[PDB]
Structure formats: C-alpha cells, structure tokens
Amino acid sequence: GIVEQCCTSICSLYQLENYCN
Amino acid sequence: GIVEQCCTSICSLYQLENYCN
Amino acid sequence: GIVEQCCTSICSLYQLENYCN
Amino acid sequence: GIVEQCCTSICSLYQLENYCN
Amino acid sequence: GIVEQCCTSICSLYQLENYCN
Amino acid sequence: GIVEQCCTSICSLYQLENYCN
Amino acid sequence: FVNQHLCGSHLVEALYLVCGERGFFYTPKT
Amino acid sequence: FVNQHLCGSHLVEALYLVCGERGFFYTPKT
Amino acid sequence: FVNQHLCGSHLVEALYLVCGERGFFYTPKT
Amino acid sequence: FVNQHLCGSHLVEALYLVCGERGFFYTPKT
Amino acid sequence: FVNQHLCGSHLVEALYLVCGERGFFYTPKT
Amino acid sequence: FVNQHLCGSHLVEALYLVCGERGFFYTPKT
Ligand code: NI
Ligand code: NI
C-alpha cells in the first residue's frame, strides 16, 4: 500500500500521484 | 522572486525544482 | 463541503471524523 | 508523563485533553 | 498576550523563551 | 554537515544560524 | 474538543490526527 | 482502530488541535 | 539523487502537495 | 535570530523549538 | 502536479519535498 | 536543558525559524 511504497521503502513525487482523486 | 511568487501568486513544483542544489 | 467549511467558517473534530475510512 | 503516555506508548485524542488548560 | 502578539504583530524567540517551563 | 551536527547529534538554535544566508 | 479553523495543509494534518490509521479521504470542492 | 504514537513536534500539534483556545502545557520532564 | 522516506503526517503533507484540489485518499490499511 | 510572525499551529511549533524539552505553556487569550 | 499557493514555513516544506536530499537554497527578497 | 535532534522536514522548519528573511541553505550531502 502507500505506507509500504513510500514509508517502509521510498517513493517519488510521481508515485504519490497514484493516490490523487 | 520565488518566495514572493508562491505566496502572492501561485507556483509550480517545477519552478521550485530550480532552487534545489 | 468540509474542506471549505473548516477554512471559511469553523468545524469540529466530530465533523472531520465523517471523512475517515 | 505525556511522552510516556503518548509517544513511547499510544494515546487517544481524549487522553490528550488531560493536558489542556 | 504572547499568542496574540506573535500573530497580530511580531515577536522574538527571546520573548517566546519566557513561556518555557 | 548540518545532518551530522543537528540530526545524528544535537545542536542549538545558535548552531542553526551557521546555515543562514 | 474545541472547534477548528483550518485551511490548506492544516486541515490534512487535523484529518490525519483524528483518523490515523483508519485513513481518510481529502475531498475539496472543484 | 488502535491509537497512534505522537512524539515531539507532532505531539504538540495534536495538543494544539485538541485544546485550542483553552491552551495547554507540554512538560516532557514530568 | 535517490528518493526519500515519507511516513505518517509527513506522508499526508506530501499527498496534499502533489494532489492539491484534486484531493486524495490516505489508506494505510490497504 | 530574526523576528517572527506566528499564527495558529505555527506559534506552537516555534515554542517547541525554542524550549524543547524544558517544555512550555501555550496560553492564548480568552 | 498541481499549482501551489505557499507562504512562510509552508514554502520550505514544499522545497524539502521537491528536493530532498539534493538540498535547496531558501532565498526570500530583502 | 540539553539540546534536541532535528531531522528532515523538522530541521528545515527550524532553519526557517532561525534565519527567516535572511534565507538559508539546506545541504545534507555536505
Ligand atoms: Ni516528524
Ligand atoms: Ni499555515
């Protein structure tokens, strides 16, 4: 999920857009 | 400059990227 | 909606709780 | 204290009201 | 008081230090 | 660097002024 | 709990505190 | 839903949220 | 330049930054 | 150090930085 | 990515997210 | 009173606090 993708691992600002509305 | 533009107007993350080292 | 209400007026933590998953 | 109750352990928003004025 | 001064006027970190425990 | 001085170790608000402009 | 005046990032902060973990939807007007 | 960990600046943000105009004390040595 | 770790309130700040008026969902149980 | 214009959560942030650890009292007008 | 209205500490936050690690210069008008 | 740890976004908030209109540089690779 986002926590695994961005907190446990690392993610780009582009990955973060996956969770926009 | 950038600081004033983001606050009084609007700015993009792409403009902000110019201030990275 | 909630976003606009909290900013232009006032809102309670109880109203915010409606937006939890 | 609050650090032990809320940081080392976990606490609810209701517990946090223990430290209002 | 301090809360109102920092927001409506300006305040120094030195004034804020008076509110430390 | 600042990360070593202030994050890995600890630093004072006075040390932080070392990185003003 | 007290009432809240919350704009921008400050609202998302409040949502995060109130919800954790349950998560939340941030849904501003278009 | 289990509760969350609040430390440091995040803890005092949450105190501000809950207490607001009532005000609060943050006393970690206690 | 390698990417950074974003957790908790810092993660939702970054979601707000990227998404803004589009809005977003923060769903850690997912 | 420079002078500060500080409203809402931003003041509590500043108090936290200035004080740590000593802690502080947040005491707004009623 | 969306456009941003950013004042005070909120701009520095945005700079930190956009840059990490590369770092950044915060350079307001005098 | 011993000093505190400041990392990541919290470190740059503190830099903004101390430096304000003077501006600053955040250069973690240094
Ligand atoms: Ni943090
Ligand atoms: Ni703000």
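Residues numbered from 1 in each chain as written, not as in the entry; some residues may be left out. Chains lettered and ligands numbered in written order. Heavy atoms only, no water.

**Quick word on the interface of chain K and chain I**
Move 1: In this assembly, nine residues from chain K lie in contact with 13 residues from chain I.
Move 2: Carbon and sulfur atoms supply 67% of the area that chain K and chain I bury against each other, a total of about 950 Å² over both sides.
Move 3: Three residues stand out in chain K for area buried against chain I, namely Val2, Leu17 and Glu21 of chain K, and they jointly supply 53% of the buried area on that side.
Move 4: Along the contact surface separating chain K from chain I lie zero salt bridges.
Move 5: For the interface between chain K and chain I, the tally reads one residue pair in polar contact.
Move 6: Of the residues belonging to the side of chain K that touches chain I, the class tally is five nonpolar, two polar and two charged. (Contact = heavy atoms within 4.5 Å. Buried area = accessible area lost by both parts, 1.4 Å probe. Salt bridge = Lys/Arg side-chain N within 4 Å of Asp/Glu carboxyl O. Polar contact = N/O pair within 3.5 Å; in protein donor to acceptor, adjacent residues only side chain to side chain. Nonpolar A, V, L, I, M, F, W, Y, C, P; charged D, E, K, R; others polar.)

**Describing the coordination of the nickel ion (ligand 1)**
Move 1: Around the nickel ion (ligand 1), the protein contributes the donor atoms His10 of chain H (NE2), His10 of chain I (NE2) and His10 of chain L (NE2), which lie 2.1 Å from the metal centre. Highlighted residues: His10 of chain H in helix α1 (residues 9-19) and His10 of chain I in helix α1 (residues 9-19), drawn from two different chains.
Move 2: Judged by its relative accessible area of 25%, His10 of chain H falls in the partly exposed class. (Donors = N, O, S within 2.8 Å, 3.2 Å for Na, K, Ca; no water. Helix = DSSP H or I, 4+ residues; strand = E, 2+ residues; numbered from the N terminus. Buried < 20%, exposed > 50% of the residue type's maximum accessible area, 1.4 Å probe, protein only.)

**Concerning the nonpolar core**
Move 1: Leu16 of chain A, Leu16 of chain B, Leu16 of chain C, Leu16 of chain D, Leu16 of chain E together with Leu16 of chain F are the most contacted members of the largest nonpolar core, which has 114 residues in total.
Move 2: With residues near it in sequence (within four places) discarded, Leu16 of chain A still touches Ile2, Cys6 and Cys11 of chain A together with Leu6, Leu11, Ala14, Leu15, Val18 and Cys19 of chain I. (Core = buried A, V, L, I, M, F, W, Y, C linked by side-chain atoms within 4.5 Å.)

**Comments concerning α1 of chain I**
Residue and element names in this part refer to chain I.
Move 1: With 10 of 11 residues buried, α1 is to be regarded as a mostly interior element.
Move 2: Within α1, the full set of buried residues consists of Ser9, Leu11, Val12, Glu13, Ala14, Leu15, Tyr16, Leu17, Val18 and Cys19.
Move 3: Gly20 sits one or two residues past α1 and shows a positive phi near 55°.

**A closer look at the state of the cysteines**
Residues and elements named next belong to chain E.
Move 1: Applying the stated criterion across every chain yields a total of 18 disulfides over all chains.
Move 2: Sulfur-sulfur distance for the disulfide between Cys6 and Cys11 comes to 2.0 Å. Since a negative S-S torsion denotes a left-handed disulfide, the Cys6-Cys11 link at about 110° is right-handed. (Disulfide = S-S within 2.5 Å.)

**Digging into the arrangement of the chains**
Move 1: In this view chain A stays clear of chain J, with the nearest C-alpha atoms of the two still 24 Å from each other.
Move 2: One finds no contact between chain A and chain L; the C-alpha atoms of the two approach each other to within 14 Å at their closest.

**Here we look at the packing of aromatic side chains**
Move 1: Counted by the stated rule, this structure contains 27 aromatic pairs over all chains.
Move 2: When the ring of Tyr19 of chain A is compared with that of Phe25 of chain I, the centres are 5.8 Å apart and the planes differ by 75°; the resulting orientation is edge-to-face. One end of the pair, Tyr19 of chain A, is in the segment after α2 (13-16); the other, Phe25 of chain I, is in strand β1 (residues 24-26), on a second chain.
Move 3: On the numbers, 5.8 Å between centres and 50° between planes, the contact of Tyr16 of chain K with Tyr26 of chain L is tilted. Of this pair, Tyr16 of chain K sits in helix α1 (residues 9-19) while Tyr26 of chain L sits in strand β1 (residues 24-26), placing the two residues on different chains. We note that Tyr16 of chain K, like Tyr26 of chain L, is buried.
Move 4: The rings of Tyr16, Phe24 and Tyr26 of chain G together with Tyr16, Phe24 and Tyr26 of chain I are connected pair by pair, giving a single aromatic cluster.
Move 5: Taking the ring centre of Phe1 of chain L as reference, the NZ or CZ of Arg22 of chain J above it sits at 5.4 Å. (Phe/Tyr/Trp six-rings, centres within 6.5 Å; stacked < 30°, edge-to-face > 60°. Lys NZ or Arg CZ within 6 Å of the ring centre and 35° of its normal.)

**As for the relation of the copies chain K and chain I**
Move 1: Mapping chain K onto chain I is achieved by rotating through 178° and translating by 0.1 Å along the same axis, at an RMSD of 2.2 Å. Each copy turns onto its partner about a two-fold axis.
Move 2: Here 100% of the interface residues in chain K have copies in chain I that are interface residues too; the copies meet face to matching face. (Least-squares fit on C-alpha atoms.)

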